[PDB]
Structures are given as C-alpha cells and as structure tokens.
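If you want the building blocks of each chain, they are given just below.
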Amino acid sequence: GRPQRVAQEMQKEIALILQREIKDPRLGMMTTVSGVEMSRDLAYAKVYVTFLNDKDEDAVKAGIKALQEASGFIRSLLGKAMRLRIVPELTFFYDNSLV
Amino acid sequence: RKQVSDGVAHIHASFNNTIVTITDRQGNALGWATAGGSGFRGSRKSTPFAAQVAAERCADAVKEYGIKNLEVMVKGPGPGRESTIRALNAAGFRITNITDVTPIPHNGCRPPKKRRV
Amino acid sequence: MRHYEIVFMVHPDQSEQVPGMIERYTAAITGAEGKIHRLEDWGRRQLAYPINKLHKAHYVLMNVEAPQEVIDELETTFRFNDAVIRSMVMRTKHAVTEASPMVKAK
Amino acid sequence: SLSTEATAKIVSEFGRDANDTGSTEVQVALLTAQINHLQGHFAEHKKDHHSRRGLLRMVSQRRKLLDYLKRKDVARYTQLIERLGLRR
Amino acid sequence: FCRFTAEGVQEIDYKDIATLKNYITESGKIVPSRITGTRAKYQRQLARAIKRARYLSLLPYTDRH
RNA sequence: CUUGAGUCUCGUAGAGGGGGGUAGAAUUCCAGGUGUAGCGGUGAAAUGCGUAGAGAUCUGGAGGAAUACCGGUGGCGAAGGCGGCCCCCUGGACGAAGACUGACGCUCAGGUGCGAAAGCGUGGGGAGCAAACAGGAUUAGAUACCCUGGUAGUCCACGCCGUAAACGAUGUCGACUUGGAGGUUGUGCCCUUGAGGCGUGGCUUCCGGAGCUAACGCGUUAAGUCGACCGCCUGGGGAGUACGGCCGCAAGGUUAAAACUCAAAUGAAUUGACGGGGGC
Ligand SMILES: [Mg+2]
Ligand SMILES: [Mg+2]
Ligand SMILES: [Mg+2]
C-alpha cells in the first residue's frame, strides 16, 4: 500500500528468489538489488539491480535481459510469496552504484 | 606484536545491518568493524555506502597486525554487497578469494510468519 | 537366508583387529548358513566429509544371502561395539560378485 | 504376504491338481491364510489402518465365495467350512 | 537424451563415484535431468544412491563440512 | 459357456501404510577460545539487548524440530493424503505369458468404518513458532496494524471430537463414438543396436472435432452417446435456525422445522461508464 514502507519488505523477498532460484543465469553472479520503486497501488515495480559482473554493460546486459525474459515465471514466484493481489510488473536497471 | 600476513575476515551482509570482523588464520577472530557502530542508524546503517566505508574500521585492526592477504566470507545477501567487495578491491589489499557462504538449511528450523502491509 | 550388501568402517587407528573381526563376524555367516557371496576391503580412504572429526576411515564391504536374524545381532553388535565408527546394511535383489568401483580401480 | 511355496502346498491338497487354481475352495483357502499373516502384522500395528483396508477386501471376498459355494454345493461348503475351521 | 541407456545399466550401481561426481555440483547439489537429460528412473536411482553414498561419506554433504 | 468376474505363476514401478533405526544442515541453548562496543528493531525511533567480554568468530556440547538440491502435472493412494537414509512388518497397482474357477456381478437405504487443521482428555515432550496476553511506537471506526515478548498450542502416546471452498464446487460402474501434441510406465517385435524402426499395455496432460451446454464451456481421463443403482434439490430471506431426538465429557455435531416476510433472489455472458491504474 504505502509504497515507501512496503519497499523494504519487498526488497528482501526479491533477493531470496534471485539468489537460490535460477537456472538461466547469464549473470552467473551474486547480483545485488540496490533499490526498488513501486508505483501507488504497487502496479509497477522498478527493480534497480547492480551486477557483480565486473560492472560492464557487456556482462550486465546478458543478465538484465535474462532478468526480463523469465519475468512471468519469477512473477509467479514473488506473486505467491507475499500473498499479494498485486503481482508487480517487473523492470530491471543496472545501477551506477559506483561513480 | 605478532604478524599473520594472511588476512581472513568475517562480514555479516545482513539487510538491515552491516558488520565486518577481522579473524586470525586459525579462527580466533581479533577486532571488527560495525557500520551501525559508526553512528549510522536505520536506513543509514543499512546503506551500501555505509558498508563500503566500514572498510577503514576493518583496515585499522588489519594494519595493527599488518595482515595482507584476503580470505573473507560473506554470509547474508546484503543490498549492493558487490559494491562493498569493490571497495575492498579499491583499497588495493592483495585479494586471494571471497566466499559467498550464505548459510542454507534443510528446512529443519521452523520459520516465523512474514510481516504484512 | 536372503541377499544383502553391507559396508562399514572401523576407526583407522583400530586396524589391529580389522583383519580378524571380519571373519570373526563371518563366524555368524560361517556358522549360521551365511552364504557370503562376496567380500571387499579397501583400507583407509580419506573421508569426503569428516565423520566424528575422523579422516581416512578403514573401508570394508560384504555380500551375503543371510537370514533375517543374523544381520540383526550382527548390526546391533556394531550398534553395540565401538571400534566400528559407522555402519550400513542394504538388501540386494541378487548376489553381486563383480569388481566393485573401489576395487575395479585395481 | 505369502510364500509361493505355501501357496503351492495349499494348491496341491485343496486343489484337484496343481493347475486347478480357480476352484472356489482353492481360492478361499489362500484368502484365509493371507488374513492370518495380516492379523500377525496388526497385533503390534493397530495404527496401520491402510493395511486393514485390504484386510476387508478379502474377508468379504471369501464371504462372497462361501455363499457362491454354499449356494452351489453345501456338500463342499459344509466340508470346506470345517476343512478351513471357519464359521464354527 | 538417452545416455544412461547408452551405458546400458537399467540399475545403476551407486558405488560409481565418477558418474556421481559429474551429477554433483561443487556445493554438492544434484543437477536435474533438465540439463543432463537423463531418464527419470535413473534420476530417481541416482538421488537415492547419492544420499546413501553421502551417509557412507563417499559423497560430501557440502565442502563446508 | 467363458469374454464379466477371480486365482496361479513371471515379473515390474511407486513421498502406500506401520514400526524401529540413523544421517547432515539449520535454529536455539550451553561450553570454551580469540575478540570486542554494541547489538537487533522501524519509515524513524521506541522496544529489546551489550564491557558479565555481548555483538563476532572458530572449537565443542545439548536439545528439539524438519527433512535443501534432487523434485516435477512425477508418482503413491478411496479420500483425507504421502517427501532425509536404513532395516522389520504390510496394502494395492501394472505388464507378460499360460492355466485354473465359472456369472462367482453392480449399486446400496439401513450399516460399519475411514477421516485436513484447530479443539477436548490424560500423561508425555519442548527446538522453533505462534492465538491469548505483554512493552514501545494512536486516533477516520486505532479497539490498531509495526516492532519488541510471549502461554497454551505447536511434538509424543493414548484418548475424544467427525467437521473444512474435505473442491473436478463434476456420485459408482459398464458400454460407444473424430484428432493432435505431451508425460509417465509396462512390454512384444525388427534392426548389432543405442539411438532407430515397427509396436502394443497402463496412468497422466494440453489442445481439440463432432456432439452437448443459458452461456461459460465440455470434449474417449465427455458436461457426447447409453445403461444400472444410489444421493440430492424445487423462488429468495428468516434458516441449517427454534425446538425434539441422537451423539459428544464438553465443545458441541447430527437431525431439521415453522412463524413471518418479499417480487424478485440469481447465473452466464454482453456494452459501456468510471478509477484511488499504467502503456503509446
Ligand atoms: Mg499440531
Ligand atoms: Mg463441509
Ligand atoms: Mg484437500
């Protein structure tokens, strides 16, 4: 509901599914999510995930599409993991955590 | 006093908290770094930037025994954990390996109920 | 008597009785219609994972068509005794007398 | 459940010949022996209701055969019931 | 993709550590037949076989032990 | 009479059941060691908790609880259901092949059982969890949600209890009728032969023809065609209630009215509006 509040709980759930439940990992790394940006009513979630892949869009691109290609499947995963009627639309963003 | 030269540290890459410790080669952990202990609190203790800066607190204990190598462990998938590893590489201490050792059980422990909106 | 394949280890350090206890165990086999169809020892082999803070346990194997009871006291023995460090007993569809992956290396 | 050897021993006497395997007698005798083996299991395992479920599936079976036999020749039935020491 | 059938073993002796190691990760988790393409029964036989070998200490539960 | 039915022999898979073992993580605790200034909590704090040295790390132990990967439409089951390894006991399924029996059948009121979780009973047991209750964070209904605790309960054994949206919201059995793609597990043949080619069984899945259906759909695992038996309903509300019985120790369940009241209740689809939504 209150987006800025639910964001903390969702980030923990997103990390658990991301690390132990992968069989097409172009990242092949511990990719860590810096932050999420859920819309009002949680209709759209913006997942900003940094890539342990040498921080180069070459390796990063492999995973971000891989992040996007398996979304419906992972949707189910997070969708059946917090009893949410809103299954958040999934978006993925390499973060310039390092500047 | 006594040189070790083969660095081995323990971190606790929890979400809401971020804490590294210095360890002797044969267990016997000696000294530690708490990012929450720096006075960072709430979101500030959890910030990936706080974890990256906590390097100096870990480094001073390492400097006292003058340890060089890096055999450190990560337990817990903290946000921006890779950036903290980048900060340890930015420090320039010789790196031998990092261990992604988030403990996985067999479901033996009963989990507590998740919080709700 | 019915088929079995059996493997256990004794503590490597107590290998003084390891050659004799086998047949001393087969005393049951040899003395109670035990048709040992095969037996293998492999000797001390490094444990993939340490058991009771021990390494290089003394590996040994047995293949018998044995009656219901003999195996019981046989394993309770192991359950009783302590030189042995871990035990195992599994039924087999039929008798196995072919080089085992451990020995077949030799 | 059974040993084929025990089934062969029952088939030799209860059956007219070894091949005679459908004869109601040769059927009820096997079911009665199976019930006795199951009863020994139930003596210490009352919880194993699932196995009791089959137990029913057969006591009723012969029960049908008995009648089918009884309505066919009490003669054999009469001896069978006492041959198998049942319904005393 | 019928590779155990090429080996010809309808029943897989569990003592075969070399085959077990290929079907075991560095962590020690069993790779699924999704990628190894093994038939289910062998998949079934291997999972039970790995645990018994693991109990005998032939296979590690996880290197961290 | 032998195809229905059923037995024998040959197998064959299976988290089927019951029992007894046993392993490894994890978590808690406890032990130590080294090692501290915190710790964990929130949106933030509070709350918690630390120099008794906590927090962290190894080393050790104790306890209880559950069995990651594998593992899934994948099986097992009447169903509820069944998920670490071993052994003991034991049910059923299925294939093949042949023989034996010879209608030995189906359904089932009444019947007797079976039975998710919580709950009751006794005594157990006590990790972790968590109603109740408890400390901090409050007024649109804060009575709070959140965090911090936390008993019962949660486990065992024996008992009761007998209901769940126990749901395929699809009774049981049998027969008949277009397809295709799967899965699974049998097994025959014919290739050396994996693979491959012919098969042929079982079970399962997704489309889908005809057909049927208000529509939705269903669709050889029919809601198509049929048969046999059973079970049930007759507008909605009152109401699965008062009360009576029965059962239960209770809790309670089961059985089941009527009074009064109303013009609809209501299903499927369809077309739009809006929005506390978002794409272009
Ligand atoms: Mg319970
Ligand atoms: Mg009901
Ligand atoms: Mg159910």
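Residues numbered from 1 in each chain as written, not as in the entry; some residues may be left out. Chains lettered and ligands numbered in written order. Part of a larger assembly, values for the part shown. Heavy atoms only, no water.

Header annotation of the entry names cryo-EM as the structure determination method and lists the resolution as 4.2 Å.

The name the PDB entry assigns to chain C is 30S ribosomal protein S6, from the organism Escherichia coli. As recorded in the PDB, this entry has the title "Bacterial 30S ribosomal subunit assembly complex state D (multibody refinement for body domain of 30S ribosome)". Here is the UniProt Subunit (literature references left out) comment for chain C, exactly as written: "Part of the 30S ribosomal subunit. Interacts weakly with uL2 in one of the 3.5 A resolved structures." In its Sequence similarities section, the UniProt entry covering chain C states "Belongs to the bacterial ribosomal protein bS6 family." (UniProt positions renumbered as here; feature names shortened; annotations may be inferred.)

The PDB entry lists chain B under the name 30S ribosomal protein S11, with Escherichia coli given as the organism. The Function (unreviewed entry) field of the UniProt record for chain B holds the comment "Located on the platform of the 30S subunit, it bridges several disparate RNA helices of the 16S rRNA. Forms part of the Shine-Dalgarno cleft in the 70S ribosome." In the Sequence similarities (unreviewed entry) part of its UniProt record, chain B is described as follows: "Belongs to the universal ribosomal protein uS11 family."

**Some thoughts on the interface of chain B and chain A**
In this complex, chain B contributes 18 residues to the contact, which on the side of chain A involves 24 residues. Summed over both sides, the interface between chain B and chain A buries roughly 1,700 Å², with carbon and sulfur atoms accounting for 56% of that surface. Of all residues in chain B, B:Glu82, B:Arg86 and B:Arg115 bury the most surface against chain A, accounting for 35% of the area lost on that side. Counting across the chain B and chain A interface gives 2 salt bridges. (Contact = heavy atoms within 4.5 Å. Buried area = accessible area lost by both parts, 1.4 Å probe. Salt bridge = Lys/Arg side-chain N within 4 Å of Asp/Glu carboxyl O.)

**Digging into the arrangement of the chains**
By contact count, the leading pair among the 4 pairs of chains in contact is chains A and B. There is a gap between chain B and chain D: no contact, and a shortest C-alpha distance of 26 Å. At their nearest point, the C-alpha atoms of chain C and chain D are still 14 Å apart, with no contact between the two.

**Thoughts on the protein's contact with RNA strand F**
Around RNA strand F, 97 residues are found, and the nearest of them are B:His10, C:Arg79, D:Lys47, E:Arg44 and E:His65. Considering the 4 Å shell around the protein, atoms of RNA strand F inside it are sugar or phosphate in 80% of instances. Within the side chain of E:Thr5, an N or O atom sits 3.0 Å from a sugar or linking oxygen of RNA strand F. One nitrogen or oxygen atom from the side chain of E:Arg52 is found 2.9 Å from a phosphate oxygen belonging to RNA strand F. No other element matches the 10 residues that helix 3 (residues 49–70) of chain D contributes to the surface near RNA strand F. For the surface near RNA strand F, the class distribution of residues is 29 nonpolar, 37 polar and 31 charged. (Near = heavy atom within 4 Å. Polar contact = N/O pair within 3.5 Å; in protein donor to acceptor, adjacent residues only side chain to side chain. Helix = DSSP H or I, 4+ residues; strand = E, 2+ residues; numbered from the N terminus. Nonpolar A, V, L, I, M, F, W, Y, C, P; charged D, E, K, R; others polar.)

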